[PDB]
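Notes for the structure review
Here's the letter readout for the chains.
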Amino acid sequence: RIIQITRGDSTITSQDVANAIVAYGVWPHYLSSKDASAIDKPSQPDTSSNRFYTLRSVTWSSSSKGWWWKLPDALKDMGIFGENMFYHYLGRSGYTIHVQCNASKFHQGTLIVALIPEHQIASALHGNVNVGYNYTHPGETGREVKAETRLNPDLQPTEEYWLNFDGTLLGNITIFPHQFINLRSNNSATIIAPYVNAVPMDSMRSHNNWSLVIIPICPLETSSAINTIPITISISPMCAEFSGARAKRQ
Amino acid sequence: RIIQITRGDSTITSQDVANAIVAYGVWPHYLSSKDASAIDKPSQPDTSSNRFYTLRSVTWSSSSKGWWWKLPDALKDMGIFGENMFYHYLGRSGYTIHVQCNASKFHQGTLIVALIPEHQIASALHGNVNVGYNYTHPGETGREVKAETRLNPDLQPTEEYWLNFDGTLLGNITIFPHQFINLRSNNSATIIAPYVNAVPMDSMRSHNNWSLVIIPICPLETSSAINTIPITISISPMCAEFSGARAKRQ
Amino acid sequence: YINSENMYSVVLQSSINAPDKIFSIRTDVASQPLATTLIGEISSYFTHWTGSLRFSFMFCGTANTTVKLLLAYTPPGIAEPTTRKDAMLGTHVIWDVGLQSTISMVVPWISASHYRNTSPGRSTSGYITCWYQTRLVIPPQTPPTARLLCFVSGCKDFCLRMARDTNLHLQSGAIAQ
Amino acid sequence: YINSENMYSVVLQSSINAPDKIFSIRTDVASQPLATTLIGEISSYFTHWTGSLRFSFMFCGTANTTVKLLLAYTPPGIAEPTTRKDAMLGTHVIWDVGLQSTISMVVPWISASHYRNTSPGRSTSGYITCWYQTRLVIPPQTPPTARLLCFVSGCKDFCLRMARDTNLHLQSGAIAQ
Amino acid sequence: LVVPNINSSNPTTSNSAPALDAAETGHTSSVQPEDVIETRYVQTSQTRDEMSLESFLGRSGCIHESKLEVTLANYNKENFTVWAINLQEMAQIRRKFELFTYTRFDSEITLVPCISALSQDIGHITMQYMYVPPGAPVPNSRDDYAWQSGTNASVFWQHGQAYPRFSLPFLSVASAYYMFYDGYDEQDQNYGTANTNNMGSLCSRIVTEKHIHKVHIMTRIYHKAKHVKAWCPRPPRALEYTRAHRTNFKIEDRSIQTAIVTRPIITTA
Amino acid sequence: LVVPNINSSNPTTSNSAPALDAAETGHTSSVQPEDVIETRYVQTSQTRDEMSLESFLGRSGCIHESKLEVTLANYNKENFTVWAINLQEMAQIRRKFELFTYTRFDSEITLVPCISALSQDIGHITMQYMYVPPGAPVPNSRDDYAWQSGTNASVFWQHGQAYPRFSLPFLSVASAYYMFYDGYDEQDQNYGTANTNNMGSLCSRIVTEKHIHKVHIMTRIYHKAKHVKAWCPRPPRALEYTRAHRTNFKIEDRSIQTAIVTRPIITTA
Amino acid sequence: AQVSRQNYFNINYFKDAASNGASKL
Amino acid sequence: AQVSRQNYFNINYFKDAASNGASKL
Ligand SMILES: CCCCCCCCCCCC(=O)O
Ligand SMILES: CCCCCCCCCCCC(=O)O
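Note on numbering: residues are counted from 1 along each chain in the order of its written sequence, which can differ from the entry, and residues with no coordinates are hidden. The order in which chains are written sets their letters, starting at A; the order in which ligands are written sets their numbers, starting at 1. These chains belong to a larger assembly; the numbers reported describe only the chains shown. Each side-chain value is worked out from all heavy atoms of the structure, with water and hydrogens disregarded. Residues with missing side-chain atoms are left out of burial classes, side-chain pairs and their counts.

This entry, as listed in the PDB, derives from X-ray crystallography and reports a resolution of 2.6 Å.

Spelled out as structure tokens, the structure:
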């Protein structure tokens with residue numbers, strides 16, 4: 001039940017885990033010379049970039065339908081990791097995602113926490129439309145399912161969370177690395193994920209590798225006055241490597 | 001006469017050197033655990049920070065009296081090195097300074113290029129005055145001897161370049177690591193300098209370790225129409241290490 | 001809360017649903033409020049110090065009350081953090097208050113010089129700040145606030161030198177026989 | 001040229017077609033102008049000295065400018081030379097300024113006693129004089145003058161004894177705190 | 001005495017949380033830097049000798065200032081002083097020893113006698129300092145027979161002489177000195193260390209016979225502990241002392257004032 | 001420490017010109033007497049010990065002159081002095097140490113106390129000199145409780161006593177003293193060594209109680225470095241000093257004056 | 001006898017132990 | 001111990017090294 005994960009100068013503790021999941025059974029590791037493409041020495045900032053970064057908390061209420069964040073986008077503003085991300089053409093990283101949500105023994109609810117590779121979102125409308133860059137790059141704020149009028153909507157992604165935002169049934173989302181946070185049992189979910197791509201390193205600004213999706217499968221219910229509780233996400237890059245240094249991209 | 005120094009993804013060549021000087025006979029190296037004070041792992045960005053950064057060129061004319069820059073201040077805005085400098089409380093670095101100045105066999109002039117440790121500048125005025133932080137932190141622009149009215153002058157450093165800006169005679173400046181660029185013989189000066197301080201790492205924002213002073217000891221003279229020539233400085237951090245990460249200091 | 005037992009605890013609130021700062025303190029062993037603790041008092045009999053400090057916290061709410069807190073240490077050279085984002089960019093621990101009511105966090109020695117003065121001038125070793133990571137949640141019919149206790153001691157690391165008289169005690173007059 | 005960088009260089013002239021004297025200086029380490037150099041300053045903290053002095057010169061004219069100079073050392077017991085003939089009768093070096101811009105000449109220790117006083121009275125260790133051996137020649141469209149730099153340091157030979165306070169620095173008043 | 005080295009540390013992902021404990025147990029946490037952060041290997045080189053009790057208490061500090069105002073009128077009748085020895089009258093020393101419940105050590109006493117001239121000259125002044133253990137006759141005048149010092153220890157100082165000094169062995173009838181005593185008289189009186197700490201008196205007189213120069217002699221007494229041992233540490237005194245042998249701290253018409261300094265808001269360091 | 005011998009030398013006619021070099025390189029020439037002249041074989045016999053740093057800096061020089069003018073009116077209120085210790089206030093010593101960027105050494109302090117009689121007699125005078133490290137309470141009066149010296153080091157001198165002396169170990173929190181510091185406060189203020197060189201104060205008081213003789217006491221403090229090490233030599237100070245901890249040299253309504261003496265013509269030595 | 005130090009000479013000159021200097025740690 | 005000189009007797013009498021005389025070169 002007790003976890004303690006130490007990353008840089010950061011340590012996470014959780015007295016109520018469903019022990020951690022290692023996506024696809026592979027622990028993150030630095031890129032091997034046998035798989036490498038680019039020929040310059042990759043810079044490895046170590047503890048200055050491989051540490052836990054806590055994002056802006058979201059509120060879980062009885063009418064919440066879901067949220068998603070994309071990596072590495074969510075960390076583009078995070079200290080040294082964010083800096084390296086934009087000073088270099090190529091980057092590569094694994095992550096430890098720790099989703100935290102505590103309540104009480106008098107609260108009930110269940111979240112599905114999934115990490116999806118190449119989560120190519122569907123657009124909201126019909127016709128010849130596609131999702132605009134800005135909308136799949138919300139930053140640490142992430143995206144929350146709101147079912148109610150946004151803009152240049154021919155550029156917006158779909159809000160059909162029950163179709164995994166991409167035309168497949170929620171429900172089968174379990175085929176992806178995931179954990180459930182069932183309030184009567186745990187107060188956190190931890191997923192360790194390696195780098196997954198069809199190329200050894202890639203552009204972090206242009207390609208998001210993982211999408212983190214959180215969906216309340218069973219609603220938050222309680223008789224307590226504290227009837228909304230936050231969900232906080234802390235993500236730690238792991239084995240971050242960068243290559244192709246030049247000016248910082250704006 | 002021919003040099004080629006390769007640092008990160010940067011290479012310097014000079015077909016007319018007075019071969020390089022290694023300040024105090026010590027080659028730069030990472031901080032040893034035997035001398036260390038701070039107890040966290042220092043981040044070492046490697047090729048992303050240990051590369052040549054070229055500063056804004058200055059013009060050498062017949063009325064030039066001198067210039068100076070301070071390290072690490074001069075590089076505070078330089079890529080990944082500048083970033084690390086402000087995200088961390090402590091830093092440590094050696095440098096390769098390559099001063100370049102070409103002319104023609106029909107030009108004559110001589111520069112003294114000195115690297116001074118703890119160059120504590122004197123203030124311009126008499127009385128109870130001291131040098132203001134902004135004036136010893138000019139950035140890549142450096143400071144040029146101009147003998148003519150500046151501001152809040154009770155905060156300004158002295159312009160007595162012939163007194164090394166500190167009350168000692170130019171002329172004895174040779175006691176410091178230095179090289180001469182005598183136009184009839186060379187077109188560059190190269191000084192490799194290790195970290196020198198009474199503590200193992202230090203605050204880069206608050207303490208400048210080296211001061212780079214350039215002074216025309218023999219004036220630029222020529223019958224050519226090209227009667228002013230630039231002096232360009234390229235500095236490469238070496239074995240840069242940082243420790244004590246937190247938010248970026250503004 | 002000054003001349004009572006209340007100066008020793010902080011009250012957490014379930015009504016706060018935000019990443020608010022709960023408290024902060026300088027990390028200098030002999031600075032206030034650390035000055036009058038055992039380690040601060042002994043440090044005040046010396047001029048220099050070095051080493052790591054261990055800070056421990058004890059949650060004193062109900063067995064049914066929960067919360068996650070962010071305890072962070074900000075190395076020097078910058079102003080103390082005013083937002084959770086800036087605080088977490090430093091050394092920190094995320095504390096899940098569940099069945100164990102206590103946690104220990106270590107403030108490592110991160111200094112240019114090997115020792116620091118116990119009487120700091122315009123100087124600091126940094127700060128420790130506490131923030132709501134999630135929220136103080138309680139079931140029905142449970143007190144809506146809970147207290148937190150903070151302890152300090154030195155690690156194996158810790159060392160003091162150059163004995164001197166303390167500035168934390170006075171004699172302004174004769175002591176009657 | 002006194003409070004500037006010009007006190008450190010001598011100007012040679014192409015218009016001079018004669019065996020003229022360019023400059024001269026006493027050889028006594030703590031006499032003027034040697035007194036304020038590194039070696040002159042350290043020597044002024046001692047009473048006696050011995051050893052050989054190394055004098056080096058750097059020609060700073062154009063790469064196309066040439067000249068041959070006569071650098072001579074006149075042992076004591078006689079007035080400093082006023083003609084090239086008298087100068088060359090002593091210890092000397094004929095310097096051809098071509099591709100190397102520098103030369104070093106050594107003033108050997110030639111003294112009756114093993115040591116000399118750093119503060120000389122009616123005494124000298126001799127002189128160093130510089131003369132045109134040929135002429136400063138330049139092609140068309142080249143500056144007609146060129147500068148020369150002179151350096152001094154001691155040889156393996158060099159030694160000082162009997163520490164004393166320096167006459168090269170003063171305190172005429174209090175130093176403000 | 002060496003401080004341990006800071007060892008290298010790596011990123012851990014485990015079931016054992018060294019940072020998590022229960023302070024309810026009354027035990028201090030065992031977490032070191034390596035348990036909470038990815039630590040760098042540093043070779044610490046600090047001795048802890050200066051922090052030893054011998055070093056801390058083994059320093060001379062003032063414990064008494066004895067003022068003798070020489071009267072020329074009743075020269076033999078007065079001109080002597082008596083002081084019941086104790087370490088409770090001067091704050092700096094008292095606070096250091098009270099950091100422990102029981103202490104045991106030998107004592108080094110150094111005297112600093114200063115003659116204040118109140119006439120044109122001071123002549124020749126000689127002083128006698130006698131240690132009077134409990135029970136021995138205490139002098140009643142400058143010419144008391146007790147000054148013969150047939151068996152008590154006396155030390156003499158004359159103008160011009162260096163500072164007198166001598167050692168005393170651990171003096172108690174018990175195995176250690178009581179810095180605190182939660183007890184009474186056999187008569188249910190005098191709560192405190194007044195019962196336990198009866199070391200006798202230090203008496204002094206000006207030895208020189210009647211003369212014509214008024215002078216005051218102030219002898220300050222310095223005490224240094226040697227070969228020290230101590231037991232049961234206590235929190236340091238937080239308020240000014242008011243009386244010897246009592247932990248009383250209340251002062252009339254004055255509020256309790258500790259060394260804690262207040263701040264406006266606790267969210268700003 | 002031996003100086004090398006001058007070897008025999010002969011007439012050379014060669015392709016290698018040892019006299020010819022390039023000083024552009026920043027390297028000092030290696031030419032010795034034998035390279036430029038037909039040298040005689042001399043057996044030099046000079047030690048270089050006196051030129052060592054230990055010898056050069058290991059000499060006692062004045063660093064402070066502390067004047068205490070004893071006032072009889074407010075005897076306990078005043079009559080004490082405070083001085084923030086440093087090596088910047090007296091030129092001879094300051095210039096020698098500033099020949100290096102960083103220095104490290106132990107210190108020997110010798111005191112020379114002189115009583116100036118302003119009355120018919122001087123009576124018996126005793127002084128106390130206390131070292132107050134940064135943070136320890138600084139005395140506010142002659143009778144301040146801080147003079148109890150419970151743990152600070154104090155030294156006493158009385159008229160008639162030889163010159164006091166004691167050693168201090170290397171005091172910095174860094175590995176060496178900063179003779180120069182190109183840096184600031186954590187507040188971007190106080191450029192210079194004022195930041196780095198905070199060694200506390202030396203405080204003194206006349207210990208003798210109120211008396212009737214006016215006197216002034218001037219205690220000169222001498223400092224000698226022992227077991228010396230130094231790094232990064234610098235050119236010697238060329239002008240008068242004006243302030244402590246600052247390299248400032250400008251004086252009001254006065255031109256810059258170095259030790260260089262001018263001559264009329266450079267062709268006459 | 002001789003002792004090392006953080007080498008020096010040291011012997012006791014008096015017959016009572018209370019007379020001795022500071023204790024060795 | 002005994003040392004040669006530019007022979008003499010010398011031993012340290014105090015327990016702290018700062019107390020020692022000038023260093024041997
Ligand atoms: C004769 C000179 C004075 C000797 C003083 C040493 C006695 C210390 C007794 C400690 C007990 C106490 O007062 O609390
Ligand atoms: C208590 C007597 C005085 C001891 C003086 C030694 C301190 C030297 C510190 C050197 C730093 C400086 O002032 O530049």
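The structure having been displayed, the exposition proceeds.
So, the overall build of chain E
Going along the chain from the N terminus, every DSSP run of H or I of four or more residues is numbered as a helix, and every run of E of two or more is numbered as a strand. The secondary structure content of chain E amounts to 3 helices and 11 strands. Only C-alpha atoms enter the radius of gyration, while the globule expectation follows 2.2 Å times N to the 0.38, with N the number of residues. Taking 2.2 N^0.38 as the reference for a compact globule, 269 residues should give roughly 18 Å; the C-alpha atoms of chain E span a radius of gyration of 26 Å, well beyond that estimate. Two residues qualify as a contact provided that any one of their heavy atoms is within 4.5 Å of a heavy atom in the partner residue. For chain E, the share of sequence-separated contacts (at least 6 apart) that also reach a separation of at least 24 residues comes to 78%.

Some details on the interface of chain C and chain E
In this assembly, 57 residues from chain C lie in contact with 56 residues from chain E. By buried area we mean the combined loss of accessible area, with a 1.4 Å probe, across both parts when two parts are placed together. Taken together, both faces of the contact between chain C and chain E bury some 4,700 Å²; the carbon and sulfur share is 58%. It is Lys156, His169 and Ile175 of chain C in chain C that bury the most area against chain E; as a group they hold 17% of the surface buried on that side. Here, a salt bridge means any side-chain nitrogen of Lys or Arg that lies within 4 Å of a carboxyl oxygen of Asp or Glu. Applying the counting criterion to the chain C and chain E interface returns 2 salt bridges. Across the pair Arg95 of chain E and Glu41 of chain C runs a salt bridge whose closest N-O atoms are separated by 2.7 Å. Elements that contribute at least two residues to the side of chain C that touches chain E include exactly β2 (21-26), α1 (38-43), β3 (46-50), β4 (53-59), β6 (91-97), β7 (102-107), β10 (145-154) and β11 (159-163) of chain C. Of the residues forming the side of chain C that touches chain E, the biggest block, 6 residues, is contributed by β2 of chain C.

Looking at the pattern of salt bridges
Throughout the structure, instances matching the rule amount to 44 salt bridges over all chains. Notably, a salt bridge pairs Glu144 of chain B with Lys146 of chain B, separated by 3.0 Å at the nearest N-O pair. A relative accessible area of 31% means that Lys146 of chain B is categorised as partly exposed. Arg220 of chain F is the partner of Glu65 of chain F in a salt bridge, and the nearest nitrogen-oxygen pair spans 2.7 Å. Note that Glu65 of chain F is positioned in strand β2 (residues 61-69) and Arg220 of chain F in strand β10 (residues 215-233), a separation of 155 residues in sequence. The network of salt bridges with shared partners includes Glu65 and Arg220 of chain E together with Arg142 and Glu209 of chain F. Accessible area is worked out with a 1.4 Å probe on protein chains only. A residue is then buried under 20% of its type maximum, exposed over 50%, and partly exposed in between.

Regarding the sheet that holds strand β8 (residues 116-117) of chain D
Residue and element names in this part refer to chain D. An order of β8-β3-β11 is seen for the 3 strands of this open sheet, with the pairing classed as antiparallel. The open sheet has two free edges, formed respectively by β8 and β11 (159-163), since each of these has just one partner strand. A pair of strands counts as paired when DSSP detects no fewer than two bridges linking them. Across 4 bridges, the pairing between strand β3 (residues 46-50) and β11 is antiparallel. Following the sheet pairing, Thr50 is matched in β11 by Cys159.

With respect to the sheet that holds strand β6 (residues 91-97) of chain D
Residues and elements named next belong to chain D. With antiparallel pairing, the 4 strands of this open sheet are ordered in space as β2-β9-β5-β6. Strands at the two margins of the open sheet, each flanked by one partner only, are β2 (21-26) and β6. Along the sheet, successive strands turn relative to each other by an average axial angle of 15°, direction set aside. Interaxial angle, 0 to 180 degrees, is taken between N-to-C directions of lines fitted to C-alpha atoms, where a helix line uses only the stretch in contact.

Regarding the interface of chain A and chain C
In this complex, chain A contributes 39 residues to the contact, which on the side of chain C involves 30 residues. Taken as a group, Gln15, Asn102 and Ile226 of chain A account for 24% of the area that chain A buries against chain C, more than any other trio of residues on that side. Inspection of the region where chain A meets chain C yields 2 salt bridges. For the salt bridge of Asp77 of chain A with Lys85 of chain C, the shortest nitrogen-to-oxygen distance reads 3.6 Å. Those elements giving two or more residues to the side of chain A that touches chain C turn out to be β2 (10-14), β4 (53-54) and β13 (229-245) of chain A. Looking at which element gives the most residues to the side of chain A that touches chain C, the answer is β2 of chain A, with 5 residues. Here the residues of the side of chain A that touches chain C are counted per class, giving 12 nonpolar, 20 polar and 7 charged. Bridge count between β2 of chain A and β6 of chain C: 3 bridges; the pairing is parallel. Within β6 of chain C, the residue paired with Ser10 of chain A across the bridge is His92 of chain C. Each residue receives one of three labels: charged for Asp, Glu, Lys and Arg, nonpolar for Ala, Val, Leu, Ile, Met, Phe, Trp, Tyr, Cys and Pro, and polar for the others, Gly being one of them.

Considering the site of ligand 2
Residue and element names in this part refer to chain F. Throughout, near means a residue has at least one heavy atom within 4 Å of the molecule or strand. Near ligand 2, the surroundings consist of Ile85, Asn86, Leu87, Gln88, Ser107, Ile109, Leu168, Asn197, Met199 and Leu202. One of the side-chain N or O atoms of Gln88 is found 3.0 Å from an oxygen atom in ligand 2. The method behind every accessible area is Shrake-Rupley, applied with a 1.4 Å probe, and residues are considered shielded solely by the protein chains displayed. Protein contacts shield 99% of the accessible area of ligand 2, which totals 470 Å² for the unbound molecule. Of the residues contributing to the shell around ligand 2, the split by class is 6 nonpolar, 4 polar and no charged. Any N or O atom pair separated by 3.5 Å or less is treated as a polar contact, with the protein-specific requirement of one donor-capable and one acceptor-capable atom, and with residues adjacent in sequence counted only for side-chain atom pairs.

Details of empty space enclosed by the protein
Cavity: a set of points on a 1 Å grid over the protein atoms alone where a 1.4 Å probe fits but cannot get out. Pocket: an open set with protein on both sides within 12 Å along at least five of seven lines, its lining residues, like those of a cavity, having an atom within 4 Å of a point. Grid points are joined across faces, edges and corners, and a volume is the space filled by probe spheres set on the points. What the largest cavity holds in volume is close to 80 Å³. Residue composition of the lining of the largest cavity, by class: 5 nonpolar, 2 polar and 4 charged. Approximately 60 Å³ is the volume attributed to the second largest cavity. As for the second largest cavity, its lining consists of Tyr45, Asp165, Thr166 and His169 of chain C, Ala91, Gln92 and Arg95 of chain E together with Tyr145 of chain F. Grouping the amino acids of the lining of the second largest cavity by side-chain chemistry returns 3 nonpolar, 3 polar and 2 charged.

Re the packing of helix α1 (residues 79-87) of chain A against helix α1 (residues 79-87) of chain B
The geometry of α1 of chain A relative to α1 of chain B is characterised by a closest axis approach of 11 Å and an angle of 170° between their N-to-C directions. Relative to α1 of chain B, α1 of chain A is oriented roughly antiparallel. Side by side, α1 of chain A and α1 of chain B meet where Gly79, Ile80, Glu83, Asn84 and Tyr87 of chain A of the first sit next to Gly79, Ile80, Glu83, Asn84 and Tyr87 of chain B of the second. In terms of residue class, the contact of α1 of chain A with α1 of chain B is built from 4 nonpolar, 4 polar and 2 charged. Between 65 and 115 degrees an angle is taken as roughly perpendicular, under 35 as roughly parallel, over 145 as roughly antiparallel, and anywhere else as oblique.

Digging into the environment of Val207 of chain F
Along the polypeptide, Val207 of chain F turns up in the loop between β9 (201-206) and β10. Using a relative accessible area of 0% as the deciding quantity, one classes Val207 of chain F as buried. In this structure the C-alpha to C-alpha distance between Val207 of chain F and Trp157 of chain F, which are 50 residues apart in sequence, comes to 9.5 Å. When neighbours within four sequence positions are excluded, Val207 of chain F is seen to be in contact with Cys114 and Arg220 of chain E together with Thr126, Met127, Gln128, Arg142 and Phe156 of chain F.

Some points on the site of ligand 1
Residues and elements named next belong to chain E. In the vicinity of ligand 1, the contacting residues are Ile85, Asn86, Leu87, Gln88, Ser107, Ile109, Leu168, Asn197, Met199 and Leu202. Bound to the protein, ligand 1 loses 99% of the 470 Å² it would expose on its own. The residue makeup of the shell around ligand 1, split by class, is 6 nonpolar, 4 polar and no charged.

What about the side chain of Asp28 of chain C?
Residues and elements named next belong to chain C. The topology assignment puts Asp28 in the loop between β2 and α1. Assessed through its relative accessible area of 2%, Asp28 is described here as buried. A polar atom in the side chain of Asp28 sits 2.9 Å from the side chain of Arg26. The residues contacting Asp28, other than those within four sequence positions of it, are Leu34, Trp49, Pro120, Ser123, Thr124 and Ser125.

Quick word on the arrangement of the chains
At no point do chain D and chain E touch; the closest pair of C-alpha atoms across them sits 32 Å apart. No part of chain A reaches chain F; the closest C-alpha pair between them is 23 Å apart.

Details of the state of the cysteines
Working definition: a disulfide is two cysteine sulfur atoms within 2.5 Å of each other. Going through the model one piece at a time under the given rule, you end up with 0 disulfides over all chains. Free of any disulfide, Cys130 of chain D has its nearest neighbouring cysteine sulfur in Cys150 of chain D, separated by 8.7 Å.

With respect to the pairing of strand β7 (residues 88-100) of chain A
All names here are of chain A. Counted residue by residue, β7 has 12 buried out of 13 residues, so it is predominantly covered. The pairing of β7 with β13 spans 11 bridges and is classified as antiparallel. Pairing of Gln100 across the sheet is with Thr232, part of β13. Bridge count between β7 and strand β11 (residues 188-193): 6 bridges; the pairing is antiparallel. Looking at β11, one finds that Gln100 is bridged to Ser188.

Some thoughts on the packing of aromatic side chains
Two rings belonging to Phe, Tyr or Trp (six-membered ring only in the last case) form a pair when the distance between their centres is within 6.5 Å. Interplanar angles under 30 degrees mark stacking, angles over 60 mark edge-to-face geometry, and anything in between is tilted. With the rule as written, the count across this model stands at 30 aromatic pairs over all chains. Following the ring pairs from residue to residue traces out a cluster consisting of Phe97, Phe105, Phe170 and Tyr177 of chain E. In this arrangement the basic side chain of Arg161 of chain C is found over the ring face of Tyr115 of chain C, its NZ or CZ atom lying 3.7 Å from the centre. Positioned above the aromatic ring of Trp109 of chain D, the side-chain terminus of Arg116 of chain D is 4.8 Å from the ring centre. We count a charge as sitting over a ring when the NZ of a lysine or the CZ of an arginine lies within 6 Å of the ring centre and within 35 degrees of the ring normal.

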